[PDB]
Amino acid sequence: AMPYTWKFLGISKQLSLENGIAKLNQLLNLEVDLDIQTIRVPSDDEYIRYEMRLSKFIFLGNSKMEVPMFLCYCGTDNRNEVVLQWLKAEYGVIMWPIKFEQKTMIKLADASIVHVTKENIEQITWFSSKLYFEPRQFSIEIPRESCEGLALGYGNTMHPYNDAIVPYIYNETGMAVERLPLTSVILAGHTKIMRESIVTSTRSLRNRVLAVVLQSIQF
């Protein structure tokens, strides 16, 4: 139901994977598929986006940022480690595991559902939301419908969880999620966002999610 677990690594240098891919190919005895896209993420910014299919890798880079690029990967398959070590050897880059803080987890939740159409109209793919806490464990759940009626009554926001769901959880319930140890955010049949990883039902991540990840690791 939710098969794909993603791990995130920040990279000290921005990479042009086109210029080394043949060495990886000779290393693995196969021809990897490498897709390259220049993507735009409106705020109602531009990124270079690599995708490597062998188990999958996704790279997001931005030259006008201090920490210019990160990668994320899913599957296993130990060839992922081969890929990582190959990157470290071929490019001489420093890579570190990415851990998502609570605020960043909420931003991640917003990025997972919010998108913008051709005529710059905001749209939100709504799912039932489950907030998991661990100081002992307890969770709160807001069904899809309630979430939708919550979005409309705020109303227009690129951050429905931070602008609507959570403050409403304060007003009517009396709970400050910001004051509580949030360990997981579950969007039913879509995505689970944790501190150290993101799980998805599909074999990909929203571009907005990638953008939020890259923006979060800026020293």
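We number the residues from 1 along the sequence you see.
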ask   = How much of the deposited sequence is absent from the coordinates between residue 172 and residue 173: none, 1 to 3, 4 to 9, or 10 or more residues?
value = none
task = Please say, as none, 1 to 3, 4 to 9, or 10 or more, how many residues of the deposited sequence are without coordinates in the interval between residue 54 and residue 55.
result = 10 or more
query = Got a sec? Mean C-alpha B-factor, which is higher, 106-114 or 138-146?
reply = 138-146
task = Could you check which stretch, 206-214 or 15-23, carries the larger mean CA temperature factor in the entry?
result = 15-23
query = If you compare 152, 39, 193, 58, which has the highest Cα B-factor in the entry?
reply = 152
ask   = C-alpha B factor of residue 160, ranked within the chain: lowest, middle or highest third?
value = middle
inquiry  = Can you tell me whether residue 188 has a C-alpha B-factor in the lowest, middle or highest third compared with the other modelled residues of the same chain?
reply    = lowest
task = Using the B-factor values recorded in the entry, state whether the Cα atom of residue 90 falls in the lowest, middle or highest third among the modelled residues of its chain.
result = highest
query = If you rank every modelled residue in this chain by C-alpha B factor, which third holds residue 125: lowest, middle or highest?
reply = lowest
request  = Place residue 176 in the lowest, middle or highest third of its chain's C-alpha B-factors, as listed in the PDB entry.
outcome  = highest
